[PDB]
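Some notes on the structure that comes next.
Note that each Cβ is placed from the backbone with ideal geometry, even for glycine, and that neighbours are counted across all protein chains shown. Every number in this text was worked out from the coordinates using simple rules, so none of it is lab data.
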Amino acid sequence: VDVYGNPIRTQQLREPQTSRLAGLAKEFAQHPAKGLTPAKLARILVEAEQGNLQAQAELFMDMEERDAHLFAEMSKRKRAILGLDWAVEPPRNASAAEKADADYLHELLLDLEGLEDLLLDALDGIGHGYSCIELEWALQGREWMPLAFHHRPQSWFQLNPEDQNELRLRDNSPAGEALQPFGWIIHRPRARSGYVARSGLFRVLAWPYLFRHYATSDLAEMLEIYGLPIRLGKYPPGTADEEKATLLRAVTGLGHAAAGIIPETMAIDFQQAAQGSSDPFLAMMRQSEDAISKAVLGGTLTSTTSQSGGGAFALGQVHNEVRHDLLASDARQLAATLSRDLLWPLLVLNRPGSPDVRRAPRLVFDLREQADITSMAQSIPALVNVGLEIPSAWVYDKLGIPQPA
Amino acid sequence: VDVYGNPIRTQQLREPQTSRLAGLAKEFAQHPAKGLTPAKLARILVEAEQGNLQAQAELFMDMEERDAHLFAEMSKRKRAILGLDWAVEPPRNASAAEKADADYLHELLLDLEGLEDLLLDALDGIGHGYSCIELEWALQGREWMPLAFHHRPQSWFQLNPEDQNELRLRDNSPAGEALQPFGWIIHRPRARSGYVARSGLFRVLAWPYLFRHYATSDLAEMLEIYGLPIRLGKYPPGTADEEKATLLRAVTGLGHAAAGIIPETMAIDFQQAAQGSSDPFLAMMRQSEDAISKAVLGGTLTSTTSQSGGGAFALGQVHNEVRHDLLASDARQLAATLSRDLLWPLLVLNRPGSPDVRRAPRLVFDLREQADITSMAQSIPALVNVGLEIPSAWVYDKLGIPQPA
Amino acid sequence: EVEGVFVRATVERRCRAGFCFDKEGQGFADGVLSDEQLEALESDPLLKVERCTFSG
Amino acid sequence: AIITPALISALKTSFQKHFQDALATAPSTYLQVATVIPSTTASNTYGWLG
């Protein structure tokens, strides 16, 4: 069975759950970001709270695509995880059989192509609040294998009417369809405590995005109007339609044309077009960008930048507060999700027996922080000459150097 | 029994208390932050003081979601705790049986999945003033286990009419329902001395949030109006309705249109639209953000930033004042809550006998601060050559290096 | 019952014809009629004022 | 004194939302006299042969 105890039947693993839903694969995103107003955004969020996640997912995708600063921040945050070395470790004080199981799982993950793509797809749940990856199960003889990992759009799911924390497929029915066991890797990182609909970071970032969009569009319009002044022509009674058209064309082309002549009975008045500055717009854009930076990566390095300054402890100063905390949180949550969803089916299908769930191997990301070799290498000799018996295992582990074999 | 002495009956542990309240699970948040005015906020707070916590909880959730700066500060503060290593220690001068009990509890917590989620859910009480997590109890033979931890919204509870410090479930009755023993982990951090309703940090942070919201909305409106000037057209007596509509459309499109012509008998006056600056709005936003930073994380590193500057003692300078105090306070309160709520039921159900409550093991968070290895390693040799017999236990404990085994 | 009376021989501004002079008239704290004229007539006292229960 | 406290009633008066929802339905009773028969159809039918 799975970790949650639901019965597992190997018959349903031959075909993906969504195969019998050919309607989903033919859908196109509705792009709800175009022509978006604060009222529309509020309605979208409220409806999403009630189980209509399609519009929210499409809006989040558009928001990711249309904002360069937000996209850069999210990409940097995800690439931070994608570059971490990982390993599979056996449970606490594991036995020989458990060690062998962990070693086999580690070897299987090393030789499993598409792991990086799986991690990238799973990390989308950081912003979207939940990411679902469908599994393709195949048999190369007697051992089950994940053939491929398919990332399904968040717009394909909904909320259970009887449960606000349980996701279901959109199968044209009011209650949707329950997710098949062992058929998905659902990643639901928890930045804030609440239901799944409210758990996305883009829900926090939506309003600054709209503020920045409005400011940028208004600035573009004002830059378009800038330049020549608006000038209005006046004509006396008894001016025919042809003369009216001639005066109109003359006024229209007068800005580009340096000189022109009109009868003394006519008049042209040059009125202010748009006089001001870009200061308000740019102030709003900077405020929104700082808010986005703080919300995504913390207000110590991105928005209120940590500035330059090297040194042996500079790595620690830059990392440990804020950056290390965020990195560790994301890595630990991703590792927990993976150990729950991918490691367990492999252990319970590819190996004999029914090992207890509490003793399953856990995927661990390498969060080791580079320690100053020079300072500590200076420090040891004094301590050892004093008489302290420092274990070599601690040194080898903390320095990153492996133990002799 | 529990720590408070209330009789404990194992019959009620088979089902959650809220299972017989299927009405609660079908509710949706009312979103009281939309269209919020200072009078409405004052009424919400006053009503919450009197036992109506639903509106206050929903307002706090909206406040958390809609403010990026506040959300970033709270997330950073909580992630600070989530990254701390923890251990279970036996009581003062504990005996062999007590040491065995503590070791078994430590092993059980290590192998208990969902601990990080439990800590995150409990830390919500920092801002909300109280967090309730429901327990699922199951028997794997002869030993009780927490199957899962469920975080219930603060909107599901109320105040006892006869007691302002005791929370109760909303069961449609005036007096609510008392909380089941051993069925919840209630975390109520105490930033300020008072009743539970007034104990939330969001109660302090509400007013700066409203100030910032008003300033941002006003700035957005003023940016919308900025650009072209308002221009008013005037027409003489004897202008028909069709000519009036033509003049109105001409005036409406005149700002975008560089040129236009009107009869000499008409007139168009270009009046100031909105002339000023973003300085007042931005000043208010900065004031509110500084207030929020000071209230959440202290006015030494976040609002009045500590600036750069490394060194061996830089860690101490940045941490010990403000940051270390807040970290230690939060960690100690969370550890006390956990030791009270989760450790005790495990000890009194999973082990024989009736150990005295005063001798229960206590969960301890690792608050050890990194000490300068180089300076102290320089220092020891002089002291030891002088003749001082410094214990090795103090060195091993303070450096973080473990004693040889 | 009417709450409002001034019975300390106290002075109040009552205007007879072109001038406002000491006199005690309405002298009540409740009003239903002649409010605009009462304001001029009901100028709070100059000297010691004490209230009673006429109950009229 | 004050000329017209009559019109200033709106500002002074406060709100005490204590009579709001100060009621509830009668305690559930169908459990004692009736048994739940969960179903998922449009017209459930029962059959017994005597």
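Some notes on this structure:
- Flag if B:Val322 is under 30 Å from B:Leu210 (Cβ atoms), in contact (Cβ under 8 Å) with a residue 40 or more places away in the chain, more than 8 Å from chain A (Cβ to nearest Cβ) and not basic (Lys, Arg): no
- Here B:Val348 passes the criteria (1) within 14 Å of chain A (Cβ to nearest Cβ); (2) surrounded by 15 or more Cβ atoms within 10 Å (Cβ to Cβ); (3) among the β-branched types (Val, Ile, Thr) except the one numbered (1).
- Restricted to the stretch B:351-399, and to residues there that are surrounded by 13 or more Cβ atoms within 10 Å (Cβ to Cβ) and closer than 15 Å to B:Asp2 by Cβ, the residue that is nearest to the other protein chains (Cβ to nearest Cβ) is B:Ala360.
- Selection status of A:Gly51, on the phi > 0 side of the Ramachandran plot and surrounded by 13 or more Cβ atoms within 10 Å (Cβ to Cβ): yes
- Evaluation of A:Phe202 against (1) touching a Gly at 6+ places or on another chain (Cβ under 6 Å); (2) at the interface with chain B (Cβ under 10 Å from one of its Cβ atoms) (one fails), failing number: (2)
- B:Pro208 vs. criteria surrounded by fewer than 19 Cβ atoms within 10 Å (Cβ to Cβ) and over 26 Å from B:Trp137 (Cβ atoms): no
- Note on the stretch B:114-124: residues that are crowded, with 18+ Cβ neighbours inside 10 Å and either at the interface with another protein chain (Cβ under 10 Å from one of its Cβ atoms) or of a type in the set (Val, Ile, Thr) (or both) amount to 6.
- Of the criteria (1) out of contact with any helix residue (DSSP H, G or I) (no Cβ under 8 Å at 6 or more places or on another chain); (2) surrounded by 13 or more Cβ atoms within 10 Å (Cβ to Cβ); (3) assigned to a loop (DSSP other than H, G, I, E, B); (4) not aromatic (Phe, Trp, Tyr), which one B:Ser217 fails: (3)
- Residue match in the stretch B:12-21 (condition: of a type outside the set (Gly, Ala, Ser), in contact with a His (Cβ under 9 Å, 6 or more places away or on another chain) and surrounded by 13 or more Cβ atoms within 10 Å (Cβ to Cβ)): yes
- Just one of the listed residues (A:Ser278, A:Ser293, A:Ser339) is in contact with a helix residue (DSSP H, G or I) (Cβ under 7 Å, 6 or more places away or on another chain), buried (at least 16 other Cβ atoms within 10 Å of the Cβ) and more than 8 Å from chain B (Cβ to nearest Cβ), namely A:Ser293.
- If you go through the stretch A:223-247 and keep only what is among the hydrophobic types (A, V, I, L, M, F, W, C) and either touching a residue at least 60 places away in the same chain (Cβ under 8 Å) or surrounded by fewer than 19 Cβ atoms within 10 Å (Cβ to Cβ) (or both), you end up with A:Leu223, A:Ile225, A:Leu228, A:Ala240, A:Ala245.
- Candidate set: the stretch A:153-170, residues that are in a strand (DSSP E or B) and within 14 Å of chain B (Cβ to nearest Cβ); chosen: the one farthest from A:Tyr195 (Cα to Cα): A:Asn160
- Condition check for A:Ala393: over 26 Å from the mean Cα position of the chain (by Cα) and assigned to a loop (DSSP other than H, G, I, E, B): no
- Once the stretch A:181-191 is narrowed to residues that are over 15 Å from the mean Cα position of the chain (by Cα) and in a loop (DSSP other than H, G, I, E, B), the residue that is nearest to A:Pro161 (Cα to Cα) is A:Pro181.
- Within the stretch C:1-43, the residues that satisfy the criterion of being in a loop (DSSP other than H, G, I, E, B), charged (D, E, K, R) and surrounded by 12 or more Cβ atoms within 10 Å (Cβ to Cβ) are C:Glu3, C:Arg8, C:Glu12, C:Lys23, C:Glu24, C:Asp30, C:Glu42.
- The residue list B:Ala29, B:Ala102 contains one member that is among the small types (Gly, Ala, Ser) and away from chain A (no Cβ under 14 Å), which is B:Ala102.
- One residue from B:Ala96, B:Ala87 being without any contact (Cβ under 8 Å) to a residue 24 or more places away in the chain, over 30 Å from A:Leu41 (Cα atoms), away from chain A (no Cβ under 11 Å) and not β-branched (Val, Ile, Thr): B:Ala96
- Check on A:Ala250, surrounded by 16 or more Cβ atoms within 10 Å (Cβ to Cβ), in contact (Cβ under 8 Å) with a residue 12 or more places away in the chain and within 8 Å of chain B (Cβ to nearest Cβ): no
For every residue, the table says whether it meets (1) over 21 Å from B:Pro38 (Cβ atoms); (2) among the small types (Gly, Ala, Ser); (3) touching a strand residue (DSSP E or B) at 6+ places or on another chain (Cβ under 8 Å).
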position: B:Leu201; (1), (2), (3): no, no, no
position: B:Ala206; (1), (2), (3): no, yes, no
position: B:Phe211; (1), (2), (3): no, no, no
position: B:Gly227; (1), (2), (3): yes, yes, no
position: B:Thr246; (1), (2), (3): yes, no, no
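- Any hit, the stretch D:8-23, residues being surrounded by fewer than 10 Cβ atoms within 10 Å (Cβ to Cβ), more than 14 Å from chain B (Cβ to nearest Cβ), of a type in the set (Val, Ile, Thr) and free of Cβ contacts under 8 Å to residues at least 24 places away in the same chain: no
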